[PDB]
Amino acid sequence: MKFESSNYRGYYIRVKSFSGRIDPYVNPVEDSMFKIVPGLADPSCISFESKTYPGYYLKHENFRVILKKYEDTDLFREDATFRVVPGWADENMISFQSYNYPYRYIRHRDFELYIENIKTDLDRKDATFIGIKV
């Protein structure tokens, strides 16, 4: 799957140097592509596996969304697990709630990805995505 930003259309979640951001015209476009597996800490949740780096998952660390090799720890699995919810800015779209930090959501901010509290209208828009099956 791919994930487009809804307020920066044509921008996609991608990994650059093992760090999550949103970019247009992702090159190599495979950096924008993930396998969606059951949540490592909860199968009613989701986890994001790298397509180019199998066994690496998107995960938050110091509230920054990064890519990191799987580790056999509860903290890693929790850091790597997100609940898909109706979009903050648009219920026809999606948002990603952190499993171990329930009041923090994946959002972009100067085109980097974090998990942060969603308080304002711009917060909601920065945290809203369109899943695209590829």
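So that there is no doubt, residue numbering starts at 1 and follows the sequence shown.
Set 25-33 against 63-71 and average the Cα temperature factors; 25-33 ends up higher. Annotation for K119: CA B-factor lies in the middle third of the chain's modelled residues. In the deposited entry, the Cα temperature factor of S95 places it in the middle third of its chain's modelled residues. Sort the modelled residues of the chain by CA B factor and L58 lands in the middle third. For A127, the recorded CA temperature factor ranks within the lowest third of the chain's modelled residues. Among all modelled residues in this chain, the alpha-carbon of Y11 has a temperature factor (C-alpha) in the highest third.
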